Amino acid sequence: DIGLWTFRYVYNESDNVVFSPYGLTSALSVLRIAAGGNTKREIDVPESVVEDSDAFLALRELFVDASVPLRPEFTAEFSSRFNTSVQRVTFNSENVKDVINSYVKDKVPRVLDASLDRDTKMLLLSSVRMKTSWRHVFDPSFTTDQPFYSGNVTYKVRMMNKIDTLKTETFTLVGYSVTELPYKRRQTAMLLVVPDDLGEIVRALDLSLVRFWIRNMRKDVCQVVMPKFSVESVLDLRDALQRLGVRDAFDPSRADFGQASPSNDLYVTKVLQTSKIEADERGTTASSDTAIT
Amino acid sequence: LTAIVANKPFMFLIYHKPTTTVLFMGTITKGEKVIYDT
């Protein structure tokens, strides 16, 4: 829902964008254990997110500055629900980054200096990782340079090519197909959507449409010709989340995080996500870290 | 035979089948090396 509806505000006509709706949703779900009143209500998110440890590794940590008083029932509630304890940290010192990166591995995304100010009093961090082969891999020796038509500009991409039997179907509103490429686990899979107008697909995407796709795709023998790709995206989601109704969390006057803190001085300034996806003949490697303030 | 050719801007969704949860998404509108022709 909010996670999936956020993509329409980061989608780019002129660029390659990758995003993790799950990573956003998981972060907001933690943020919700700290909120109360209207602020919590606007964080409209499942209270429990799915987790499956073979299909993808997911991680959730909260770094609160050691000055900040936390209600003991919040850290108890936090620890009991996410099998992890709030990490008290000093957000002004110089090795705070070192402490936090040195903490995430074991159990390192240092592309988070974008998100640490010196007045930062909390860091809510959601990490998503997936590395999995295709069920039926492509053969690299048949991958060839082929053209890619973006409006009137044309590119030379490394295009993969295989024959495989997969679920597929055509659809309208504005003509496109959807094809399911299963990974070797077979609980995760890639839906590939090839349209005559991408921006129209973006403005329509939602979970109903996705389940519709899954019901109406039919097995068939296919030729799949698709590029290898590697994309990294650093996204600022504050504007999108506000447009999706999450407003109180950002407003210092109105932000109720009183379930976490008797301070009444904890609010969200930034929501940042850096994601990277890599697809090639052998499978897919995907990564996403969402940082709230 | 049925031919799927992603040689124009497209969308991908990486989702968890048991729970129908979208893990990753992206749109791909461009390559790196620009090409010209006659």
# chains A, B, ... in the order shown; residues from 1 in each chain; ligands from 1
>>> interface_residues(of="chain A", to="chain B", cutoff="8 Å", atoms="only C-alpha atoms", output="PyMOL selection string")
chain A and resi 4+11-23+50+55+147-150+153-157+177+186-195+198+211+220-227+286
>>> residues_around(residues="residue 141 (chain A)", least_positions_apart="5", cutoff="10 Å", atoms="only C-alpha atoms", output="number ranges by chain")
A: 160-161, 281
>>> write_last_selection(atoms="N, CA and C atoms", output="PDB file, in the first residue's frame")
ATOM      1  N   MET A 160      20.211 -10.442 -22.877  1.00  0.00           N
ATOM      2  CA  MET A 160      20.087 -11.870 -22.646  1.00  0.00           C
ATOM      3  C   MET A 160      18.952 -12.448 -23.487  1.00  0.00           C
ATOM      4  N   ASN A 161      19.021 -13.759 -23.738  1.00  0.00           N
ATOM      5  CA  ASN A 161      18.073 -14.389 -24.648  1.00  0.00           C
ATOM      6  C   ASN A 161      17.931 -15.859 -24.282  1.00  0.00           C
ATOM      7  N   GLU A 281      22.560 -13.192 -16.335  1.00  0.00           N
ATOM      8  CA  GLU A 281      22.181 -14.534 -16.786  1.00  0.00           C
ATOM      9  C   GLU A 281      21.955 -15.478 -15.614  1.00  0.00           C
TER      10      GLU A 281
END
>>> select_by_dssp(residues="region 83-239 of chain A", states="alpha helix (DSSP H)", output="number ranges by chain")
A: 96-104, 198-204, 207-216, 238-239
>>> select_by_dssp(residues="region 17-263 of chain A", states="strand (DSSP E or B)", output="number ranges by chain")
A: 17-19, 57-65, 87-89, 122-134, 144-150, 153-171, 176-183, 188-195, 218-227, 229-236
>>> residues_around(residues="residue 28 (chain A)", least_positions_apart="6", cutoff="9 Å", atoms="only C-alpha atoms", output="VMD selection string")
chain A and resid 43 to 45 124 292
